[PDB]
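**Student:** Quick one, what's the 3D model for this:
(chains A, B, C and D, ligands or ions: 4)
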There are 4 protein chains.
Amino acid sequence: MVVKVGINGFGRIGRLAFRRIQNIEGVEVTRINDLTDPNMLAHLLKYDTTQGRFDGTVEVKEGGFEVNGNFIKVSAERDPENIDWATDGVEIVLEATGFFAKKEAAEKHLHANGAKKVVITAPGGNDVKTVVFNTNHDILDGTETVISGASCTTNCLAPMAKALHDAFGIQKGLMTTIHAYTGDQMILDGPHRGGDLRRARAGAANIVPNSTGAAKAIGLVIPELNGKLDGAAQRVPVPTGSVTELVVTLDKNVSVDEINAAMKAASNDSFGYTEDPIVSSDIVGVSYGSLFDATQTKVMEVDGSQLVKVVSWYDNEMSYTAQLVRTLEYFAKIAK
Amino acid sequence: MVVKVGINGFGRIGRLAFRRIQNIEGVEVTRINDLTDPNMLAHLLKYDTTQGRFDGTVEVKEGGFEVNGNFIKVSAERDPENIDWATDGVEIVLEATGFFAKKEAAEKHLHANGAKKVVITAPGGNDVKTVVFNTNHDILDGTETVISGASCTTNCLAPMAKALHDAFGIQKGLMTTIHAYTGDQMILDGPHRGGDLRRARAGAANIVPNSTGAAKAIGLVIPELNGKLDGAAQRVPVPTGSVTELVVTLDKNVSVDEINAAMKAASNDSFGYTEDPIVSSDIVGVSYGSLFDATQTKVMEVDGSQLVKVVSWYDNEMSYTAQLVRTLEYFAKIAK
Amino acid sequence: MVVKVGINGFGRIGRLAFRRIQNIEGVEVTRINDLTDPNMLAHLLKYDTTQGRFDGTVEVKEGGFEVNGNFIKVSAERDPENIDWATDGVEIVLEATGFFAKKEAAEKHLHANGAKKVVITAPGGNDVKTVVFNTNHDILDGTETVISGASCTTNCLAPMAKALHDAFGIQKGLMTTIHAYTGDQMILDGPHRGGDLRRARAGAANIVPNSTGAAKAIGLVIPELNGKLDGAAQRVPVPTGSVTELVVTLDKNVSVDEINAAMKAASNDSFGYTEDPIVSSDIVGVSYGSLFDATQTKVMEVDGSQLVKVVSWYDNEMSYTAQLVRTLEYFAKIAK
Amino acid sequence: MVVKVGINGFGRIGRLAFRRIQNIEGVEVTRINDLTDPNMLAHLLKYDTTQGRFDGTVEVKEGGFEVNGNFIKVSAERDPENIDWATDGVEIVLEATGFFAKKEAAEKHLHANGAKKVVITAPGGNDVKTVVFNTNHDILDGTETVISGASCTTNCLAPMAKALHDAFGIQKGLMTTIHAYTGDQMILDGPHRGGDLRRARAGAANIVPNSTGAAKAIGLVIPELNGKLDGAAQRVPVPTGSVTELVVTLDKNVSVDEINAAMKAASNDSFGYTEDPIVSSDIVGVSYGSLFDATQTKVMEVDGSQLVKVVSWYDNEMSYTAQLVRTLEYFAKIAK
Ligand SMILES: NC(=O)c1ccc[n+]([C@@H]2O[C@H](COP(=O)([O-])OP(=O)(O)OC[C@H]3O[C@@H](n4cnc5c(N)ncnc54)[C@H](O)[C@@H]3O)[C@@H](O)[C@H]2O)c1
Ligand SMILES: NC(=O)c1ccc[n+]([C@@H]2O[C@H](COP(=O)([O-])OP(=O)(O)OC[C@H]3O[C@@H](n4cnc5c(N)ncnc54)[C@H](O)[C@@H]3O)[C@@H](O)[C@H]2O)c1
Ligand SMILES: NC(=O)c1ccc[n+]([C@@H]2O[C@H](COP(=O)([O-])OP(=O)(O)OC[C@H]3O[C@@H](n4cnc5c(N)ncnc54)[C@H](O)[C@@H]3O)[C@@H](O)[C@H]2O)c1
Ligand SMILES: NC(=O)c1ccc[n+]([C@@H]2O[C@H](COP(=O)([O-])OP(=O)(O)OC[C@H]3O[C@@H](n4cnc5c(N)ncnc54)[C@H](O)[C@@H]3O)[C@@H](O)[C@H]2O)c1
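**Tutor:** Residues are numbered from 1 along each chain as shown, chains lettered A, B, ... in the order given. Ligands and ions are numbered 1, 2, ... in the order given. Sharing the structure here:
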């Protein structure tokens, strides 16, 4: 009754997903594929700048490493169609490299003696179901071969936008996420391999504007909001931890207290609520996908009409990963 | 016809104001007051983490220091009433400590052996004239005893909001400034003397939400926008350099290109225009009070109505200081 | 038989000491004195940028706050003579403000309605007993009224220097500690109240040389090394976490392996040993006072004589605090 | 009388070398080769996080870009033997990619219709002359096909070690350089493509120990010191700017003043001298290869013998680049 999982890309999301999977019964990781040797991967699992020391033992072995005595095979195949996942019983692959985040590319894992299903740890295109756990995981039926866990920002934005929309009716909106720098930025100014003149700049030494598709693509998660939102990011020098601001007009006039109460009423394991005046370091490592912050709510009313601002925190690392593993765990129970 | 100026508070703004005044003919600094000895102040003028080495020579002397051979007297009086500005011929004081930023407090400089006029390098309350150079410096007549150079954020916001309002009619708006950390934050978590639970946190290690009065108080500079705007800040880990986002509804529907063209048409020495995809380090040390970034403009249109987003950069240090010294120079020329 | 403790200065060391005392049976904190209101102190206990969320509940009350339901009284007296420690049963005060770190100043806590004994959380001069737990806590007899827990650097240096000296005989040495920035540095360039032209500079944006008395003062802990060592610091942009390098000449020639084996043989709960290639974030929050890093050992031999380099990590916050509370617990158990 | 130069690798050193070459008469850059398009390279030349805006105009064109109206060809050939340098008149190549830093690899530029000589902007192996300008550029005769400009640390260490050795006789020494992070570190924890478990860690969020060969290889520059020194690095979170500490024993006993005077006597355009208590931001952009800091000198004397500590600053970017371009300019005059 345990589904065997493989991780392609033992990066920030891959390693934290591995960490969370150590505390759930329904799945286990039997194989990791990356581009390096087992000693590099074992060391990066054991020691983690932002998420702390690993909870357990890690011992490098020939061809893999042992976690609390259990051997995990490590391979270094650059091409997914060359990974023989089935040899190690792997049925579902977490595709966490950032290089195969579309249906046709992720399908490369599904070859003979490969895997059966793929969860992309990122937006995966419009022909792949895009799931924010506890907002729209109802759309899965288990027959899908490739699904998407969406982005960090989408998992933050979606429960907040859904709750506000259901209560008051979102007409239109603009989003800004103030976001930690990530591994797709350069450590120091240099050529960006994706052509982005702003991610080319030193990520820990600048406020860096950058594009994000979370608001424009929200219809994959909340169909009623298709075509109603847009937004962007300001990437700033913290190594993890982020926040999403959303400014909207609504069908109903509201008060600050009414907004905050509507968010609290929607709170659950994915969507948290706080009235404490926290800062970004306080959400590093949290398990909420989105933490609504009532201290930042604003309503600007002039001449009987309002602009409404709502703000939610997210650890783009652990908040996203908690949501990803919730979706993986659910998908594994229904996969067919 | 050269007006003698004193600086109270030889801090970030005080020292950079001194630097800019070295290239102005109409004013000269003859006296500095702070809380320390001349060697400390001379060293901090010569060496500057974010704004570079001083352009000239600085040499400590008895009771002050020489800048390019010219002696500047230094005193260390905590109470402005005890500063004998008149001994050094000072007529106008730049009040840059952060502790006397209101009319009655700034008037402490005005006494028999004191000065004649004060420019507060900060918001100064609603009963003193508040000037953003090249937006409303025509409200000065030279008879004022205390004026305000507004805040960094106000000098960024004002030319952008005025150009947008004049062209299209701002109905209501919300502002977020993503702002460099400043000296009123704690270097590491600890009790904040002002009672602010967020400025208590380590400023170079967090995204820190905090309040800002610039949007609400814009009516002191643009009277037609009184009651129309509000906003807040996200303080982030860069030691200087900031950006202001403004989301509004307007009386007229517009396009992105129409907005950008209206901003460019309003550009001058205070309000710059760029289409280059810059980041915060690129505006450190600039002399614009506000640098509009056309790459960040957005229009979100639903059902015939729009949200409009406009964004402008500012070096909260040198951009503000350039505006402050423009205002000081003008005020001194017409002073009576 | 539980000794009641007060904390003067609920700062980085004061708050982390409180956290560690929650897991010690022999002492309990009944009173905190600082300069602010209880809401500020409660918030700073609950949320901590570098050391994570508090393990328990914290709730503000009238005149203090409750920790896991237990009320802690809070006062705000700037002068230690005015703190009525005895009202709350306090016998031993942790003097953690940084402003009373000498015998006569710490004695201000000792009066009719005050405390009985003081532990200074810092060097306290050459006339108070200076204790590094598990190196020289046997010098205490419990009759002392004022003792010192030494500095962070001393607690790192002492077990390493003692093991090396006992095995091989230290003749002379120089120390460099590459140290996290601390609260006595300015967040941005500005006048330093202590007159230090380098701690005046932006602490999270520079490599900052600064003085350290730990090596010169080591004779208070290891008398045989009086007059043999000196050193200095390079303060760098991490908010906590530090490392001590020591270069010596010895009475005996040695090999790298011989040095490392001597360190490992001396390891205990205070002095750890590692061969993993860790970085500073890996020691944040550790409970060793000193963690020897065998990967950094060097022997430079020319013409039959050697320079020897040994290196040990320390979290200047939690490593020091773990040592401080070990000493407090021991001192309270034998106090008379 | 102008020698035409090509740059392979328009990175930190490549772009800053280009910037410095704009102010010297004897050489000009006619071709840049990297891995990207001209718009990326032009943008990175124009805007520079740590070294400021480019002094001039940059305009992208087809197949290259214009600098102050002069067209520079850009190509994107991954393999040096495929670059037809001679088509653009290039005689000397600055090999600044980091991927061809050995004689056999650098020689790939010297094929038919290629270049004539290569200067590696890094250590290049022991069969390549290794030059620190104004310390040993006398060893060049111009017949060499491949030479090395050494490392940043070597250019800092060498004039200081030479002056100390000539004056007093270095017996043995150990070096620690506290160094800015560089582009060979990961922005966030992840697999390091060189296998380095410490450069795998987030470079702007850690104190990172790492190896350096500058001390052990000093004999390539100062033959008398072969086999007498060793050392290592602590890489810390500043984006440029570094410092080198050296601890030695000498043939003569000395005083602090005697050491400082010997360094000042050796000062020139490459080796500067200061007594000001500066920090790392103060040496960003300087043109000295090495800036001796008299405030950090120490002499630890016990029982008639001494340990001696000397310390010099360097901008690992511009200090190294100034030295590199001095060597290039000299080599171009004598190349045959
Ligand atoms: N970091 C975040 O905040 C975050 C949040 C949500 C989603 N994501 C998404 O998750 C994915 C991974 O991001 P990350 O931050 O963990 O990146 P990362 O760079 O830390 O990890 C990528 C890993 O993939 C490996 N890799 C690269 N190419 C490979 C190949 N061909 N085969 C096997 N392994 C390969 C790398 O060696 C590395 O270990 C991306 O799609 C990203 O958009 C990231
Ligand atoms: N830094 C910015 O981005 C910025 C921008 C615009 C306006 N301002 C405003 O300018 C003022 C100064 O800000 P700053 O960032 O330069 O602060 P700062 O802390 O760098 O400088 C304040 C200076 O005042 C001195 N000082 C304090 N109390 C004093 C007293 N009683 N008498 C004499 N000197 C005293 C301090 O020693 C220090 O040198 C504030 O009102 C601030 O709001 C700051
Ligand atoms: N942070 C470290 O790495 C470290 C390590 C070892 C020792 N120490 C020592 O511990 C002491 C505290 O250092 P810290 O880093 O915790 O400093 P901190 O600035 O974080 O804390 C000092 C606290 O004392 C309070 N305070 C100041 N003056 C006071 C007064 N007159 N009465 C009551 N409270 C007052 C402040 O409000 C603050 O909460 C210093 O002696 C320091 O040298 C610090
Ligand atoms: N940054 C420093 O402090 C410093 C100091 C002294 C020496 N160096 C040395 O200079 C060299 C460059 O270092 P950097 O910091 O400028 O690195 P960098 O990463 O900034 O620049 C390397 C450049 O080379 C390009 N490149 C990579 N492979 C290539 C190929 N096959 N063909 C063409 N171009 C290619 C990259 O796109 C990039 O623009 C290294 O050898 C380094 O050790 C660096």
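**Student:** Could I get the full set of helices for chain A?
**Tutor:** Assigned by DSSP state H, the helices in chain A fall at A:12-21, A:38-46, A:103-106, A:152-168, A:256-265, A:318-334.
**Student:** and of these, who's closest to chain D?
**Tutor:** helix A:38-46 (5.0 Å; CB to the nearest CB). Yep, even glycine has a C-beta here, placed from its N, CA and C like the rest.
**Student:** do that closest one and ligand 1 meet at all?
**Tutor:** No: Helix A:38-46 is not in contact with ligand 1 by CB under 6 Å from any ligand atom; minimum separation 8.0 Å.
**Student:** Who are the packing partners of that helix?
**Tutor:** Contact partners of helix A:38-46 among helices and strands, from 3 or more CB pairs under 8 Å, 6 or more residues apart in numbering or on different chains; DSSP states H and E: helix A:12-21, strand A:58-61, strand A:64-67.
**Student:** Take these and write them to CSV, including mean neighbour count and distance to chain C.
**Tutor:** Listed next are those as CSV, based on neighbours: other CB atoms under 10 Å in any protein chain shown; distance: least, CB to the nearest CB, whole Å:
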stretch, mean neighbour count, distance to chain C
helix A:12-21, 23, 14
strand A:58-61, 15, 11
strand A:64-67, 19, 14
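**Student:** Tell me which of these sits nearest to residue B:84.
**Tutor:** Closest approach to residue B:84 among the helices and strands packed on helix A:38-46 is made by helix A:12-21 (60.9 Å; CB to CB).
**Student:** So what touches the closest one?
**Tutor:** A:5, A:7-8, A:10, A:27-29, A:32, A:34, A:44-45, A:48, A:51, A:54-55, A:94, A:96, A:121, A:182-183, A:317-318, A:320-322, A:324-325, A:328, D:188-190 (CB atoms under 8 Å, 6 or more residues apart in numbering or on different chains).
**Student:** If I take that helix and helix A:38-46, what angle do their directions form?
**Tutor:** 70 degrees (axes from the mean of the first three to the mean of the last three CA atoms, to 10 degrees).
**Student:** now helix A:12-21 against helix A:318-334, angle please.
**Tutor:** Going by the same axes, to 10 degrees, helix A:12-21 makes 60 degrees with helix A:318-334.
**Student:** and the residue of chain A most remote from its centre, what is it in contact with?
**Tutor:** Largest separation from the mean C-alpha position in chain A: residue A:303, at 39.9 Å (CA atoms, centre = their mean). Counting by CB under 8 Å, 6+ apart, residue A:303 makes contact with B:171-172.
**Student:** what's the closest of the helices of chain A to residue C:287?
**Tutor:** Taking CB to CB as the measure, the helices of chain A were each checked against residue C:287, and helix A:38-46 came out nearest at 17.9 Å.
**Student:** buried ones in the closest one?
**Tutor:** By neighbour count on 16 or more other CB atoms under 10 Å in any protein chain shown, the buried set for helix A:38-46 is A:38, A:40-46.
**Student:** where along the stretch 151-300 of chain A do the strands fall?
**Tutor:** Applying DSSP state E, counting those that start in this stretch to the stretch 151-300 of chain A gives strands spanning A:170-180, A:208-211, A:229-236, A:242-250, A:271-274, A:290-293, A:298-302.
**Student:** Would you convert the ones you listed into CSV that also reports distance to residue C:234 and mean neighbour count?
**Tutor:** Formatted as CSV, the strands of the stretch 151-300 of chain A follow (distance: least, CB to CB, whole Å; neighbours: other CB atoms under 10 Å in any protein chain shown):
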stretch, distance to residue C:234, mean neighbour count
strand A:170-180, 27, 24
strand A:208-211, 29, 20
strand A:229-236, 26, 24
strand A:242-250, 32, 25
strand A:271-274, 39, 21
strand A:290-293, 38, 27
strand A:298-302, 44, 18
